[PDB]
Amino acid sequence: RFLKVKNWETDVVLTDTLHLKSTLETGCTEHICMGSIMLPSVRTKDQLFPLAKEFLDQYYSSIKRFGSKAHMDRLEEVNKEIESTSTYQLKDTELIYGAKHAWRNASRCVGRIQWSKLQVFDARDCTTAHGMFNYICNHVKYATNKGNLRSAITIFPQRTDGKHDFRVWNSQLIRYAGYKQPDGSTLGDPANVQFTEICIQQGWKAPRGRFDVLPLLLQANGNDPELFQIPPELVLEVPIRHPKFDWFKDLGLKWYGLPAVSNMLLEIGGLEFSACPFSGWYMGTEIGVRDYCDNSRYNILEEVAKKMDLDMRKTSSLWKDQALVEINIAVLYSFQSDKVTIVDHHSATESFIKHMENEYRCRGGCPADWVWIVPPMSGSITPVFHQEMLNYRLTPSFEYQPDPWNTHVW
Amino acid sequence: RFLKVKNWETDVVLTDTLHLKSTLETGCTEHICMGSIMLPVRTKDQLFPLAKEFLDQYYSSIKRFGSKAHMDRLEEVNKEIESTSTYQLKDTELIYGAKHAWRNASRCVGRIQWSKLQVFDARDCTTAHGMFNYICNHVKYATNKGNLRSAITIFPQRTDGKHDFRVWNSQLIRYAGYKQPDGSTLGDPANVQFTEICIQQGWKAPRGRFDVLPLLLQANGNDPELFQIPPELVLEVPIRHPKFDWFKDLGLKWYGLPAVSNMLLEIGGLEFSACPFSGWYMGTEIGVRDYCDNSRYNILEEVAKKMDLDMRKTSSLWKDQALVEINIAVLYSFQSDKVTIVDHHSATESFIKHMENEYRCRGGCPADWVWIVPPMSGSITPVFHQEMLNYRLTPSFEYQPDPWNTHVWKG
Ligand code: HEM
Ligand code: HEM
Ligand SMILES: Cc1cc(N)nc(CCc2cc(CCCN(C)C)c(F)c(F)c2F)c1
Ligand SMILES: Cc1cc(N)nc(CCc2cc(CCCN(C)C)c(F)c(F)c2F)c1
Ligand SMILES: C[C@H](O)[C@H](O)[C@H]1CNc2nc(N)[nH]c(=O)c2N1
Ligand SMILES: C[C@H](O)[C@H](O)[C@H]1CNc2nc(N)[nH]c(=O)c2N1
Ligand SMILES: [Zn+2]
């Protein structure tokens, strides 16, 4: 019941007691482990108050006022407000705490050593999609900071009856369009083909290019979503060149500086925030391994290996592995040259081990999903590969939610 | 009930029903996943259900479930259990059991080959000298002059737990490690403790960087005994690089035959505590783990030095670059010497084909994503994108304690 995790490279053993405060479920049973499943998964008055109490208990404990004057009053006041209104409103301090701890609790996030330095933008007074656009532009500008990226989240009004949902329809604030070609292939980002169509097949004027920044599709108060173009001067992009291969720049590659997830649901004290875009900065492998070299994405491995003149006859020449490394050197080199914040996988995974040690010491544990924390290249030469991790679900949390074009009462 | 797994690269969705036949536990609960944890004395009370379950599976596989032969064998095993408190497997049952323990090994990416296992029945063995002879014959057969063949040798099953057969080596062929007084290590740091035991048991160590360890073999619960594998039976491969002529001067070599010897084979409730098995290497086992783990031979520095990469900042990816070149050299060396090896691209593709076939013909394939995904180039192999369900089926291979921690020395 008091569990231990071992690092097999260093023999360091940590003792986890935090998991005993886990609330939600993992998808696993003692008969079957679902650790590699990508997606392992109204609201009444009964359910809401224990959730608020659990959250307020940990909030007042965190400020060393558990069982105090203000603690009992706040508990009473929220209880009064739920009994009356069937919901409640977070104090600004509780919202900031809840958002920072949702990130602290994100077991798939390797960047959590930064969790306490998060800029929380309270957008709970927003009422229209034009107001949403305004808040998102300000977020993008703040977070981008001319390349000196700063972590931020913008929190739109919480769900009420499920009919008045605020939703950002984009999966990330900044992504590249994808169109299926006449000759059967795909131009741009294949992952965004259905979305790039919903933008066109409902308003947008696509420049049908390969790296077209998609428009925002914003939904306020349950209404139909509206299209907005992010001002291009707010979208920091990096042309990708290689520090050795001069032909690399001729590949035509670029990527955007700001990774900003916008389709997750933020849960704090039972309250659900369905529009809560958040951003940090890239780990190099997200772009160079996944975005560029996945077969279902831009899938550039063949072209790069050909220009390197590698033996592509046999897989055992490891031509894919060689090109992969060069592509990721170029991504890192390009961002660093343009003074755009980026972290390589060696530095980020080292940071996470230090974060884990901090969390075990000051908190008694750190939920972590090994399948997601280990980078998608060079796994075993990073320290996290050799680190046993316990995965469990703590709240406040970021959760997945259905894509809105499958749920919108249109 | 049914369970579905999806491949996010190809959108193929498979449906698992085999997990219903799972019995052992995973370590996980509804509230915690132990998927990345490395490691999550038997009476007649529990033995006959285990035997009956196994014999049901065996007679089903041969299309004889419920036949007179099936019923007579159950009756015969039942009587032998209450008469003798254990039972003996037929040769055919042992072969089926060993093949299916491999088929059920959720951490093994090489399972497309499970039905072509050569099973050596060594249940008549009585002494450590006899174990040595069986293991020599296994090594010669499996090596096959570089054309490797999968094999397993099965020594007598556990009785009261005081008479165990054990191979004290973790693998039949491994290099020694020696801790120096200055704190540095010569050879394989993974094997320092076992090397100390061998030395204490009388082994005369050459004290080089690639000394093949002696076999330390325990029969019938007696103290273990040292034996040197005849060197002409240990096939080794000097490592060189197809383009880098200085790579040979690093002085690296490795052995051809990977042969695990510390696991326990469970078949029908019977426990075979000495069951060495062997296949052939996937290149990354040597080039990534054996050579580049910080806690193993740890050659990333010197390789990158000789390559003259920028080693001052990690963001040059000098480690990633040297890692690839080393793994090219491993594959090139084995192929050039005509010693069986498989690269991680081929092995993971074969495993995906295996897994799909197992879903079609068997209703599932238990698989441990954490171990199946190779330790370099993860997402450019197809297993990275493949959802997998992990569960425990029997027959199975299990971990067991290191014998020096449990053995009662006879002196
Ligand atoms: C500041 C630097 C950050 C870095 C380097 C970083 C790194 C990463 C990486 C590499 C992933 C895996 C995502 C993937 O492979 O698709 C991830 C996931 C995630 N990150 Fe972080 N992140 C950062 C900031 C943040 C922030 C500011 C938040 C929230 C406030 C956050 C919340 C999450 C969540 C919830 C996931 C899981 C996404 C999912 O389950 O699909 N991250 N992060
Ligand atoms: C024929 C070629 C084979 C290949 C390419 C192969 C590949 C692998 C690899 C790469 C691993 C992970 C090992 C590690 O990272 O330390 C593994 C694990 C394993 N293999 Fe296979 N294997 C083969 C044959 C066999 C055979 C013949 C058996 C048994 C009869 C077997 C049973 C297992 C088991 C039980 C594990 C789990 C090891 C553990 O939990 O430590 N494999 N295999
Ligand atoms: C703040 C942040 C920093 C960073 N460095 N990286 C990311 C990227 C996280 C991510 C999250 C998701 C899940 C939500 C999307 N939908 C499909 C549910 C992805 F899908 C995805 F591709 C993806 F990159 C975010
Ligand atoms: C037949 C086979 C083919 C192949 N291609 N590869 C292997 C290697 C499996 C392996 C298994 C273990 C299990 C014992 C665990 N104990 C020592 C903690 C190892 F340790 C180890 F190093 C190791 F390589 C085996
Ligand atoms: C099937 C498997 O769970 C899936 O491919 C996961 C593996 N690990 C991952 N890890 C990260 N960081 N991001 C991902 O998208 C994935 N995909
Ligand atoms: C902590 C973690 O479970 C451990 O390092 C695992 C990760 N996956 C692995 N996968 C393989 N094939 N072999 C290993 O030794 C390991 N080690
Ligand atoms: Zn699990």
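First listed ligand is number 1; within each ligand, the first listed atom is number 1. We use all heavy atoms of the structure for the numbers below, so side chains are in, but hydrogens, waters and symmetry mates are not. Sequence lines set the chain letters: A, B, ... in the order given, protein chains first and strands last, and positions in each chain run from 1.
You'll find the ring centres of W370(A) and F385(A) inside the 6.0 Å limit.
For ligand 4, the atoms sitting less than 4.0 Å from at least one non-hydrogen atom of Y281(B) are 5 (N), numbered in the order shown with element in parentheses. Interface atoms of ligand 4 facing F277(B), defined by a heavy-atom separation under 4.0 Å, are 1 (C). Ligand 4 places these atoms under 4.0 Å from at least one heavy atom of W280(B): 3 (C), 4 (C), 5 (N). Numbered from 1 in the order shown, with element, the atoms of ligand 2 that lie under 4.0 Å from a heavy atom of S278(B) read 27 (C).
At a heavy-atom distance under 4.0 Å, no atom of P259(A) approaches ligand 1. Contact annotation: for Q114(A) versus ligand 1, there are no heavy atoms closer than 4.0 Å. The side chain of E286(A), and not its backbone, has at least one atom closer than 4.0 Å to an atom of ligand 1 (non-hydrogen atoms only; side chain from C-beta on).
Comparing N169(B), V109(B), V260(B) by heavy-atom distance to atom 12 (C) of ligand 4, the nearest is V260(B). Remark: among candidates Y282(A), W281(A), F352(A), the nearest residue to atom 3 (C) of ligand 1 is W281(A), based on non-hydrogen atoms. Across the listed options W102(B), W371(B), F277(B), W102(B) owns the non-hydrogen atom lying nearest to atom 27 (C) of ligand 2. In the candidate list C109(A), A99(A), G280(A), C109(A) is nearest to atom 22 (N) of ligand 1, counting heavy atoms.
Aromatic ring pairs are classed by plane angle as parallel below 30°, tilted from 30° to 60° and perpendicular above 60°; the pair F334(B) and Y281(B) is perpendicular. Between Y97(A) and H101(A), the angle of the ring planes stays under 30°, which puts this pair in the parallel group of the 30/60° scheme.
Minimum interatomic distance between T26(A) and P40(A) (heavy atoms only, all atoms of both residues): O-CB, 3.8 Å.
Scanning the protein for heavy atoms near atom 1 (C) of ligand 2, the closest one is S150(B) OG, 3.5 Å. In this structure, the protein non-hydrogen atom closest to atom 7 (C) of ligand 4 is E285(B) OE1, 3.5 Å.
Where the criterion is an N or O separation shorter than 3.5 Å, residue side chain and backbone included, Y400(A) meets it with respect to ligand 1. At a 3.5 angstrom cut-off on N or O pairs, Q171(B) does not count as close to ligand 4.
Taking a distance limit of 4.0 Å, we find that atom 4 (C) of ligand 4 is approached by some protein heavy atom.
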